[PDB]
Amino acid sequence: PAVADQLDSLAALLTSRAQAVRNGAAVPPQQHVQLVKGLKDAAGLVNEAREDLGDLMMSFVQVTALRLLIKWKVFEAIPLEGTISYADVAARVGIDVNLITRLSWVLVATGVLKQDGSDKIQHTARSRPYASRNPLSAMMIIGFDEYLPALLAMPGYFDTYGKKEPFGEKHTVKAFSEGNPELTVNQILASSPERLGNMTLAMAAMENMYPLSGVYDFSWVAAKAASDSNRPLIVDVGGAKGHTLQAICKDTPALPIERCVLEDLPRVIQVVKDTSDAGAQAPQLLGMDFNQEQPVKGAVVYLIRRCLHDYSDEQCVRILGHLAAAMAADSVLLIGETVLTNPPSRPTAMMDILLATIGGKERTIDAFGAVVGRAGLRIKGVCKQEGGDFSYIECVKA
């Protein structure tokens, strides 16, 4: 049938990458992602129904072994190079060596760890990313702690609140899973500085993924900066750090950073000015709110990155409607979000359901167009990034 020639093309794709890595030739990101998808596509076609369920069960146990070994700092006690006995690992962390062995055996079977002989363990390239508390290990931590319990609570949640798309800050699946559906996600996290800190580090790991500078041509904004010496240039709505504004103005020095506006919650802006060099050139820091008018009028470019996916279409129309009101005829709005294909890929579909636990969602270009059009805007273009669906949707006033 058709399952037979899917294997043939992945085979040919594998030979092409084999000779490529033989020649040391660099691999474009789109080729990397196609091989990643092709390998996983074949694994489901080759697996029977029982093997699929067995694989899903192993990933669960594997994630549980990763979380426990991260929490117990077992990866950190294993040297980055060389081997070490299970008993020595157990002495370094003060834990029963059966528990260490049985949990490490899980990661030995899946290739995350490699066992040497009958009782010695070593790191691999797949386990060193968890040998410390870092951006990626934080993502696993908050994934296990903050989102998996909400996935489990979903059958009971939809029975309680109705089988509809979860939207809004209260009565989220996450809060329902915590036992306090009347509390927002931020209220639950503010009660624990450790849980907040891991989420901060984990979220900072994803804001850094697809840079705006270098993939969007700001040369036309340079012309606007010269004609009007006083109009604001770039406004980063919800820009969190100011990292993106620094990158844009560094690569395009025609845009002075002090002519750009960084906008976020007052508590987020307080952190920025708390840690920033007071003697260095900095953008305008403005404490604002999504639901109210955009304070900066007539700016050349407005950015709203990784924000609209937290809210429903109706909230998104309000947010975009405030921007459209403040925008000039020549203004441009850049929406930085994942743009789902139909049907969507595995990592973006996975993200879409995770966002449902907190009242968000991912959107196709069709859903973005409807929300954009209802806010008095229109889509002008889409800048899709290599090896993924994260894009900058260029919008303009209708």
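A residue's number is simply how far along the shown sequence it sits, counting from 1.
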Looking only at C-alpha temperature factors in the entry, 31-39 or 353-361, the higher average sits in 31-39
Which wins on mean Cα temperature factor, 311-319 or 290-298?
-> 290-298
Entry record, C-alpha B-factors for 241, 164, 133, 114; the maximum is at 241
Quick one: which of 154, 262, 205, 304 has the biggest Cα B-factor according to the entry?
-> 205
Among all modelled residues of this chain, ranked by Cα B factor, put residue 48 in the bottom, middle or top third, i.e. lowest, middle or highest.
-> highest
Should residue 221 be placed in the lowest, middle or highest third of its chain by the C-alpha B factor in the entry?
-> lowest
By the entry's values, the third containing the CA B factor of residue 106 is the lowest
State the tercile, meaning the lowest, middle or highest third, of residue 147 with respect to the CA B-factors recorded for its chain.
-> lowest
Taking the entry's C-alpha B-factors for this chain, is residue 71 in the lowest, middle or highest third?
-> lowest
